[PDB]
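The chain contents come next:
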Amino acid sequence: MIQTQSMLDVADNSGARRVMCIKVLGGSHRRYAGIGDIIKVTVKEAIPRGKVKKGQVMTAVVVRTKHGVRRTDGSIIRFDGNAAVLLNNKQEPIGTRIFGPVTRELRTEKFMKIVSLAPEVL
Amino acid sequence: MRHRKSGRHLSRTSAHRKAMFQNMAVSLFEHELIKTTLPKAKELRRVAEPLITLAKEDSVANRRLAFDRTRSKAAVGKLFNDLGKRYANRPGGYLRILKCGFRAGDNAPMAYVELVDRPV
Amino acid sequence: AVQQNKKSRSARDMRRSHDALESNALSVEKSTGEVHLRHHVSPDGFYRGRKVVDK
Amino acid sequence: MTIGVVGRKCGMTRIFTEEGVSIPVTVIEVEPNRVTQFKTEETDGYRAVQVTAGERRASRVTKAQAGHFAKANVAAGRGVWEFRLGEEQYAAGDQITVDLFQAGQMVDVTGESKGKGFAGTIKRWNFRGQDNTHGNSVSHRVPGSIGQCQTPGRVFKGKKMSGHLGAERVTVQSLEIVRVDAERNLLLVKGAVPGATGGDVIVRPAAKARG
Amino acid sequence: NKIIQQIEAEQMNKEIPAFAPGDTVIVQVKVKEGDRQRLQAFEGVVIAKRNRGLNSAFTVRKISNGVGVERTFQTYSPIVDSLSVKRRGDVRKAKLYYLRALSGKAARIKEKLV
RNA sequence: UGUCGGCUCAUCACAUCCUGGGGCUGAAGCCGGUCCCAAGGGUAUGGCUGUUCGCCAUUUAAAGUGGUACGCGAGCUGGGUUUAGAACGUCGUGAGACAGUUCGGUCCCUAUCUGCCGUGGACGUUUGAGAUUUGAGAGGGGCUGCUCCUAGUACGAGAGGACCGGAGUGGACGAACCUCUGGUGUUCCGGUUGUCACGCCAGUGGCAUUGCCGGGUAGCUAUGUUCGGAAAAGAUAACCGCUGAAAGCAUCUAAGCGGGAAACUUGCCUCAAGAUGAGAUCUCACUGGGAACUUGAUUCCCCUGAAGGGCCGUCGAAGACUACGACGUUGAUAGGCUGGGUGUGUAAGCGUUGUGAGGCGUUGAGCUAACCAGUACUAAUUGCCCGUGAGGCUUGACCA
RNA sequence: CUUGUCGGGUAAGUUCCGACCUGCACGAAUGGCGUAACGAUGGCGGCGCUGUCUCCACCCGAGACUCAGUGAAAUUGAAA
RNA sequence: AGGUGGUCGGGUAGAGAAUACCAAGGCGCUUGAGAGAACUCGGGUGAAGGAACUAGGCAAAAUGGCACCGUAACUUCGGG
RNA sequence: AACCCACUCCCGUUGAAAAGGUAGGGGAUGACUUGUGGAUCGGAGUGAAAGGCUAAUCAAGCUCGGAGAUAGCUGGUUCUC
RNA sequence: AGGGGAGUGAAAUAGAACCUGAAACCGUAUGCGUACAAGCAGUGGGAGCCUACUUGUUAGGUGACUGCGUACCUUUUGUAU
Ligand SMILES: [Mg+2]
Ligand SMILES: [Mg+2]
Ligand SMILES: [Mg+2]
Ligand SMILES: [Mg+2]
Ligand SMILES: [Mg+2]
Ligand SMILES: [Mg+2]
Ligand SMILES: [Mg+2]
Ligand SMILES: [Mg+2]
Ligand SMILES: [Mg+2]
Ligand SMILES: [Mg+2]
Ligand SMILES: [Mg+2]
Ligand SMILES: [Mg+2]
Ligand SMILES: [Mg+2]
Ligand SMILES: [Mg+2]
Ligand SMILES: [Mg+2]
Ligand SMILES: [Mg+2]
Ligand SMILES: [Mg+2]
Ligand SMILES: [Mg+2]
Ligand SMILES: [Mg+2]
Ligand SMILES: [Mg+2]
Ligand SMILES: [Mg+2]
Ligand SMILES: [Mg+2]
Ligand SMILES: [Mg+2]
Ligand SMILES: [Mg+2]
Ligand SMILES: [Mg+2]
Ligand SMILES: [Mg+2]
Ligand SMILES: [Mg+2]
Ligand SMILES: [Mg+2]
Ligand SMILES: [Mg+2]
Ligand SMILES: [Mg+2]
Ligand SMILES: [Mg+2]
Ligand SMILES: [Mg+2]
Ligand SMILES: [Mg+2]
Ligand SMILES: [Mg+2]
Ligand SMILES: [Mg+2]
Ligand SMILES: [Mg+2]
Ligand SMILES: [Mg+2]
Ligand SMILES: [Mg+2]
Ligand SMILES: [Mg+2]
Ligand SMILES: [Mg+2]
Ligand SMILES: [Mg+2]
Ligand SMILES: [Mg+2]
Ligand SMILES: [Mg+2]
Ligand SMILES: [Mg+2]
Ligand SMILES: [Mg+2]
Ligand SMILES: [Mg+2]
Ligand SMILES: [Mg+2]
Ligand SMILES: [Mg+2]
Ligand SMILES: [Mg+2]
Ligand SMILES: [Mg+2]
Ligand SMILES: [Mg+2]
Ligand SMILES: [Mg+2]
Ligand SMILES: [Mg+2]
Ligand SMILES: [Mg+2]
Ligand SMILES: [Mg+2]
Ligand SMILES: [Mg+2]
Ligand SMILES: [Mg+2]
Ligand SMILES: [Mg+2]
Ligand SMILES: [Mg+2]
Ligand SMILES: [Mg+2]
Ligand SMILES: [Mg+2]
Ligand SMILES: [Mg+2]
Ligand SMILES: [Mg+2]
Ligand SMILES: [Mg+2]
Ligand SMILES: [Mg+2]
Ligand SMILES: [Mg+2]
Ligand SMILES: [Mg+2]
Ligand SMILES: [Mg+2]
Ligand SMILES: [Mg+2]
Ligand SMILES: [Mg+2]
Ligand SMILES: [Mg+2]
Ligand SMILES: [Mg+2]
Ligand SMILES: [Mg+2]
Ligand SMILES: [Mg+2]
Ligand SMILES: [Mg+2]
Ligand SMILES: [Mg+2]
Ligand SMILES: [Mg+2]
Ligand SMILES: [Mg+2]
Ligand SMILES: [Mg+2]
Ligand SMILES: [Mg+2]
Ligand SMILES: [Mg+2]
Ligand SMILES: [Mg+2]
Ligand SMILES: [Mg+2]
Ligand SMILES: [Mg+2]
Ligand SMILES: [Mg+2]
Ligand SMILES: [Mg+2]
Ligand SMILES: [Mg+2]
Ligand SMILES: [Mg+2]
Ligand SMILES: [Mg+2]
Ligand SMILES: [Mg+2]
Ligand SMILES: [Mg+2]
Ligand SMILES: [Mg+2]
Ligand SMILES: [Mg+2]
Ligand SMILES: [Mg+2]
Ligand SMILES: [Mg+2]
Ligand SMILES: [Mg+2]
Ligand SMILES: [Mg+2]
Ligand SMILES: [Mg+2]
Ligand SMILES: [Mg+2]
Ligand SMILES: [Mg+2]
Ligand SMILES: [Mg+2]
Ligand SMILES: [Mg+2]
Ligand SMILES: [Mg+2]
Ligand SMILES: [Mg+2]
Ligand SMILES: [Mg+2]
Ligand SMILES: [Mg+2]
Ligand SMILES: [Mg+2]
Ligand SMILES: [Mg+2]
Ligand SMILES: [Mg+2]
Ligand SMILES: [Mg+2]
Ligand SMILES: [Mg+2]
Ligand SMILES: [Mg+2]
Ligand SMILES: [Mg+2]
Ligand SMILES: [Mg+2]
Ligand SMILES: [Mg+2]
Ligand SMILES: [Mg+2]
Ligand SMILES: [Mg+2]
Ligand SMILES: [Mg+2]
Ligand SMILES: [Mg+2]
Ligand SMILES: [Mg+2]
Ligand SMILES: [Mg+2]
Ligand SMILES: [Mg+2]
Ligand SMILES: [Mg+2]
Ligand SMILES: [Mg+2]
Ligand SMILES: [Mg+2]
Ligand SMILES: [Mg+2]
Ligand SMILES: [Mg+2]
Ligand SMILES: [Mg+2]
Ligand SMILES: [Mg+2]
Ligand SMILES: [Mg+2]
Ligand SMILES: [Mg+2]
Ligand SMILES: [Mg+2]
Ligand SMILES: [Mg+2]
Ligand SMILES: [Mg+2]
Ligand SMILES: [Mg+2]
Ligand SMILES: [Mg+2]
Ligand SMILES: [Mg+2]
Ligand SMILES: [Mg+2]
Ligand SMILES: [Mg+2]
Ligand SMILES: [Mg+2]
Ligand SMILES: [Mg+2]
Ligand SMILES: [Mg+2]
Ligand SMILES: [Mg+2]
Ligand SMILES: [Mg+2]
Ligand SMILES: [Mg+2]
Ligand SMILES: [Mg+2]
Ligand SMILES: [Mg+2]
Ligand SMILES: [Mg+2]
Ligand SMILES: [Mg+2]
Ligand SMILES: [Mg+2]
Ligand SMILES: [Mg+2]
Ligand SMILES: [Mg+2]
Ligand SMILES: [Mg+2]
Ligand SMILES: [Mg+2]
Ligand SMILES: [Mg+2]
Ligand SMILES: [Mg+2]
Ligand SMILES: [Mg+2]
Ligand SMILES: [Mg+2]
Ligand SMILES: [Mg+2]
Ligand SMILES: [Mg+2]
Ligand SMILES: [Mg+2]
Ligand SMILES: [Mg+2]
Ligand SMILES: [Mg+2]
Ligand SMILES: [Mg+2]
Ligand SMILES: [Mg+2]
Ligand SMILES: [Mg+2]
Ligand SMILES: [Mg+2]
Ligand SMILES: [Mg+2]
Ligand SMILES: [Mg+2]
Ligand SMILES: [Mg+2]
Ligand SMILES: [Mg+2]
Ligand SMILES: [Mg+2]
Ligand SMILES: [Mg+2]
Ligand SMILES: [Mg+2]
């Protein structure tokens, strides 16, 4: 679960290193964003010649959380950190590569592109 | 809430509650009939009775275990020599509680705790 | 906080209509005819036809 | 509605489906219910059936209840319950088992919830606490204000205050029967059932259903 | 609780070999990506266990692509197709939660040869 | 009669912000504008500032306007303002002043009455008792997004894009629960530092915040799991009618007959006969004498006190005390005991290897709270007190 | 007037830092402008850390509650 | 639970008259017993976040020893 | 550290206390702290200056006198027709 | 400790906290009223019950039910306020 002021690293290659959540989208008074949830972030650290800058406001999808995701047989998968992928205006990834593993809850129509690029899908 | 919980606080810390019942059990083995408050007598049978069960089998490891729980050399010898042989064929229930009124000082309900088969 | 008027005689006696004391369950030992509290050892040291403490 | 069974709550467990899904299940043991009395329009007004289940030792059954239990040769059990039936016929001494239910079959379960003794406004009414620092004075879980100034000048009836989260009668609606066991007299229901293990529960067909 | 025990005992027929915390195990996990049914492998060290009959569980931990991931399996779930011990570990504890703060060579488990 | 703002908790109006129903449009569609009906339920988080406001950033279906001592300090705060200290600008010869700035600056009260939230005692309900009940009445609840199919269809040159109907999945809110995922778990098991003690070695114990820690059973619990808001019926609002004259036409209206909304009455949940209008049903118990009258719903004495209730005891996922629920030897109510389970993690002693710390074996050992099952070993006595002795009169209808 | 205007810092800065000069109403021993070290001094910003907070949960002691003993206080025209 | 001048002052750890566990010596603080509600006080642990709290990081959490390596602007040449 | 002090929070506010306590805080060889004895006082003393302190009293101490100061101001003022 | 008798005394309810022994205040006994009823507690009317004796055109005690009815002082233009 991700809320406002949470810091999470970037699993893309878009030039950003750390982003901060500034809004959880999709409902009034909504509190937490899980894996597969769309959020609004600000870029906190970036590569000198990346394709995003410091202080830039944009949209990301949460891809990897320490809280985890639960399956229908009761099992749970957890990760050692929180990660996101930055998206452009039409809701496609901005980078071209994805670092680290992702989960199968991300195999939606609008995020199937980033499932294919991921080295491993848990 | 207290649902399905065992043990009385008796308005003491956990360390001072443990020392007090250690003393009470040692006195009970030495005199075989003591007088105390009724709530204290009902919590005592969860401490003294498991010690009599342990003394039925005599071995170095059992006697050390009894000494760790009663830091008394006289109590360890009274067990393993008198109690444990007297109750060899007794399946539990080695002490008996009998209500005996109230104290004058604060109107506290009192009880008698004695071993079942005292020689007298 | 304190009263704005003093309580009347009748008002405080109504509050005490629950202050009465109840009695205890007393029994008589069949062997000696001695009165004692129910489920308690008698002042002479008997319970259920047996001598338990003998003072 | 209009007819059901009385049972005991045994506890919770799981059922694993062959496709690898875990179902949370409450186990309800329904000892076969016995019909004690049948109430009709012409002799009681409304229309219902009176039922009992279990056993009760003879020293704990009064002579008024023994005679009632003996008009129907039905023997005495713990508790007596009625079900308000629409158009069903029952005779004294009849049996009602888990056989009126099937797999599927959304049902309603009624029980007596666990009792919290005397609750505060935070736990009972989901109030929100005040500051824990920043100068607060002995007022961390207290309820705050309870009214207004001279206008009305009284506390309104129904105000949310503290005391006794109940051991009350609550009903949970639209629960799915996972398994009906007729030989062990068991109902396997998906979800949670009010009360503690060993409490009395009533299972009835769902009143809403439809959707 | 005597009849819940019987309801749970009828669902426990899997083989389920013997393993311990600190062991390196391989778990075959059933995946249905549509109509096709395949098995996936999850290799890592067992860091926790839970012995509760039908409600038993175990947690294994691994490093995928520079990111640590750990999964808690339900032992008698049909999603766990099979299990096998690859290596045995020599540890003193029952729950190896201290491995979360160790990363590389400091996270190695001694091998129980016999 | 304590004056701003914040927190906590609210309650009402409607001049309606969203959701619902309509008329007109300079309404093609998708969007809108304006007016009418409607108060059921909803109705942001932050940066700055003491701020209410306001401006910004990003949300939302929407971020309503007002009353309530500009609601709420015997509920909290004390940033602002309005004591005493000190300083700047300005004014005054000066003491000093400023409704101009600036730094600092004690917020008391054990609840009598009304009120409200819970929980009992007494009496009554016309003989008394155990149990099950009807429902006059009252409370709770009532929110909404997105996606897909109808259908790239109606509409439109194209761009774009529906009404009506159907399915799925969310947000916020509420209830219950503890199977799962976790938290806690000073009552269970280990590691370890300093020191004191048990004669000493080994092994243990006290104290150091539970000394510090690593795990963790039951119970409790959310962040975990399951469920809910309905559909439907009725009477209506605005609005749309049918037939129809007064008034040869016209006209929803004057007679008559309709459709119609989250509002109202039910339907869903909970309480409920102190509903003194005190209701209903099943079953149970009680079938002796005298005396005085002020001579009948009268009083007194002897005898006889049932059904049942309580006291008391062993307890409880019930509990502030109560009440409620189970049991009291014809007994598994509590403790113990015996098995198991669970947790921890290979005890002590002994034997080997080493100069020793230590290792290895016996050994997944030893110990194990609240859990499961069985078992009268211990404790629930062998008792007392309440509660009576057939249930008034009048009128009517059936029997005899 | 005023949250002056421009720049920096933040997603967003009535506070902060650097400037401009239109100084309502600075200014040279009621000293002017600087200044290393020092300060339980005022303002602003970071890292670490966290129950401050989202949003509270469980546990431990002392009260509160019940029983026995002793036993106040402010207040009060009278109260069905 | 306040204040009150001077003298003595052991062991094991320790720089120490700090601190901890003890010695000689002294004491358990003149109401007790229960039960284990809300709420108040003093504490322990806490999922995922990490100042979003607030007038303000108030309070809490955190750091903390000895030896060695290493250390900036600025400076009144001591410092920092 | 002792010792002297009093910056912050909380508790306490009918207090254990008519100014304290627990947890943190400052100085700690000096313009230091402290015992005993002595000197200065009421329009007077003393003051690293707050109108502070001078026996829980200070923009002029306490005590007894002038003295029953004065009070165009509040309050009260007693049996019957 | 305090009492019940017995004695002294004209009288101990003149008994040493001692003449008389009021009121506030606190009790025990008897009679009538009071558990569906709303407010300055009284008063106009008024049934029933109890007691006494003249046995009801009487005296004493209670007061079901019912009509009216917002204390006193001060100060004021004006107070249930
Ligand atoms: Mg128990
Ligand atoms: Mg106590
Ligand atoms: Mg200790
Ligand atoms: Mg009072
Ligand atoms: Mg009052
Ligand atoms: Mg008054
Ligand atoms: Mg008053
Ligand atoms: Mg007054
Ligand atoms: Mg009383
Ligand atoms: Mg309970
Ligand atoms: Mg809850
Ligand atoms: Mg809050
Ligand atoms: Mg809070
Ligand atoms: Mg205070
Ligand atoms: Mg506090
Ligand atoms: Mg009023
Ligand atoms: Mg409320
Ligand atoms: Mg109104
Ligand atoms: Mg309107
Ligand atoms: Mg509107
Ligand atoms: Mg319109
Ligand atoms: Mg208008
Ligand atoms: Mg509305
Ligand atoms: Mg509204
Ligand atoms: Mg409303
Ligand atoms: Mg309405
Ligand atoms: Mg409605
Ligand atoms: Mg906000
Ligand atoms: Mg501010
Ligand atoms: Mg929106
Ligand atoms: Mg309002
Ligand atoms: Mg106000
Ligand atoms: Mg308002
Ligand atoms: Mg306040
Ligand atoms: Mg205020
Ligand atoms: Mg206050
Ligand atoms: Mg107020
Ligand atoms: Mg008030
Ligand atoms: Mg207060
Ligand atoms: Mg202020
Ligand atoms: Mg001043
Ligand atoms: Mg001048
Ligand atoms: Mg200050
Ligand atoms: Mg009042
Ligand atoms: Mg009132
Ligand atoms: Mg009513
Ligand atoms: Mg309602
Ligand atoms: Mg309703
Ligand atoms: Mg909402
Ligand atoms: Mg759980
Ligand atoms: Mg834990
Ligand atoms: Mg040690
Ligand atoms: Mg020694
Ligand atoms: Mg030794
Ligand atoms: Mg050894
Ligand atoms: Mg040793
Ligand atoms: Mg030790
Ligand atoms: Mg010691
Ligand atoms: Mg100590
Ligand atoms: Mg000590
Ligand atoms: Mg520590
Ligand atoms: Mg621990
Ligand atoms: Mg755990
Ligand atoms: Mg647990
Ligand atoms: Mg309708
Ligand atoms: Mg016509
Ligand atoms: Mg017409
Ligand atoms: Mg008409
Ligand atoms: Mg209609
Ligand atoms: Mg709706
Ligand atoms: Mg409707
Ligand atoms: Mg009734
Ligand atoms: Mg009523
Ligand atoms: Mg009835
Ligand atoms: Mg009987
Ligand atoms: Mg009985
Ligand atoms: Mg009890
Ligand atoms: Mg048996
Ligand atoms: Mg038992
Ligand atoms: Mg056993
Ligand atoms: Mg095990
Ligand atoms: Mg070994
Ligand atoms: Mg060994
Ligand atoms: Mg050990
Ligand atoms: Mg081995
Ligand atoms: Mg084991
Ligand atoms: Mg300004
Ligand atoms: Mg400015
Ligand atoms: Mg600017
Ligand atoms: Mg700020
Ligand atoms: Mg700033
Ligand atoms: Mg500037
Ligand atoms: Mg200017
Ligand atoms: Mg100047
Ligand atoms: Mg000059
Ligand atoms: Mg000047
Ligand atoms: Mg300067
Ligand atoms: Mg200084
Ligand atoms: Mg200074
Ligand atoms: Mg500075
Ligand atoms: Mg800031
Ligand atoms: Mg809590
Ligand atoms: Mg406690
Ligand atoms: Mg008492
Ligand atoms: Mg008392
Ligand atoms: Mg001193
Ligand atoms: Mg020393
Ligand atoms: Mg020191
Ligand atoms: Mg000490
Ligand atoms: Mg000592
Ligand atoms: Mg000594
Ligand atoms: Mg004391
Ligand atoms: Mg606390
Ligand atoms: Mg605290
Ligand atoms: Mg704490
Ligand atoms: Mg802590
Ligand atoms: Mg713990
Ligand atoms: Mg945390
Ligand atoms: Mg953590
Ligand atoms: Mg951080
Ligand atoms: Mg902030
Ligand atoms: Mg804020
Ligand atoms: Mg604040
Ligand atoms: Mg701080
Ligand atoms: Mg903290
Ligand atoms: Mg601290
Ligand atoms: Mg600290
Ligand atoms: Mg520096
Ligand atoms: Mg000073
Ligand atoms: Mg502190
Ligand atoms: Mg201090
Ligand atoms: Mg010094
Ligand atoms: Mg010097
Ligand atoms: Mg010097
Ligand atoms: Mg100095
Ligand atoms: Mg000197
Ligand atoms: Mg002198
Ligand atoms: Mg002199
Ligand atoms: Mg003078
Ligand atoms: Mg002077
Ligand atoms: Mg001066
Ligand atoms: Mg002076
Ligand atoms: Mg001054
Ligand atoms: Mg004096
Ligand atoms: Mg003074
Ligand atoms: Mg003068
Ligand atoms: Mg004169
Ligand atoms: Mg005078
Ligand atoms: Mg005057
Ligand atoms: Mg005048
Ligand atoms: Mg006056
Ligand atoms: Mg006067
Ligand atoms: Mg005489
Ligand atoms: Mg006399
Ligand atoms: Mg006399
Ligand atoms: Mg005389
Ligand atoms: Mg006299
Ligand atoms: Mg008198
Ligand atoms: Mg009386
Ligand atoms: Mg009456
Ligand atoms: Mg009525
Ligand atoms: Mg009244
Ligand atoms: Mg009259
Ligand atoms: Mg009369
Ligand atoms: Mg009258
Ligand atoms: Mg009258
Ligand atoms: Mg009136
Ligand atoms: Mg009137
Ligand atoms: Mg007056
Ligand atoms: Mg006036
Ligand atoms: Mg006036
Ligand atoms: Mg006038
Ligand atoms: Mg008037
Ligand atoms: Mg008045």
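Residues numbered from 1 in each chain as written, not as in the entry; some residues may be left out. Chains lettered and ligands numbered in written order. Part of a larger assembly, values for the part shown. Heavy atoms only, no water.

Where the PDB entry is consulted, chain C appears under the name 50S ribosomal protein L32, with the organism given as Pseudomonas aeruginosa PAO1. Under its PDB record, the entry appears with the title "Pseudomonas aeruginosa 70S ribosome initiation complex bound to IF2-GDPCP (structure II-B)". UniProt, in the comment section headed Sequence similarities, describes chain C in these words: "Belongs to the bacterial ribosomal protein bL32 family." (UniProt positions renumbered as here; feature names shortened; annotations may be inferred.)

Chain A has the name 50S ribosomal protein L14 in the PDB entry, where Pseudomonas aeruginosa PAO1 is given as its organism. As recorded by UniProt, the Function comment attached to chain A reads in full: "Binds to 23S rRNA. Forms part of two intersubunit bridges in the 70S ribosome." Database annotation for chain A, UniProt heading Sequence similarities: "Belongs to the universal ribosomal protein uL14 family."

Draft legend 1. Main features of the interface of chain E and chain A. At the interface, 20 residues of chain E touch 17 residues of chain A. In total, about 1,500 Å² of surface goes out of reach between chain E and chain A, with carbon and sulfur atoms giving 45% of it. Our count for the chain E to chain A interface comes out at three salt bridges. The salt bridge partner of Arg61(E) is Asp80(A), with a shortest N-O separation of 3.0 Å. Counting residues per element, the side of chain E that touches chain A draws most heavily on strand β4 (residues 68-74) of chain E, at six residues. (Contact = heavy atoms within 4.5 Å. Buried area = accessible area lost by both parts, 1.4 Å probe. Salt bridge = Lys/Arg side-chain N within 4 Å of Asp/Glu carboxyl O. Helix = DSSP H or I, 4+ residues; strand = E, 2+ residues; numbered from the N terminus.)

Draft legend 2. Layout of unusual backbone geometry. Notably, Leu10(B) is not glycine yet its phi reads approximately 60°, a positive angle. Along the chain, the position of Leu10(B) falls in the segment before α1 (14-31). With phi around 60°, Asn185(D) is a residue other than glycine that occupies positive phi space. For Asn185(D), the location among the structural elements is in the loop between β8 (169-181) and β9 (186-190).

Draft legend 3. Up close: the pattern of salt bridges. All names here are of chain B. Inspection of every chain in the model, using the stated rule, returns 29 salt bridges over all chains. One salt bridge in this structure joins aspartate 82 and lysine 78, with 3.8 Å as the shortest N-O distance. Salt bridges sharing partners connect three or more residues here, namely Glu32, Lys78, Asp82, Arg86, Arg96, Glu114 and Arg118.

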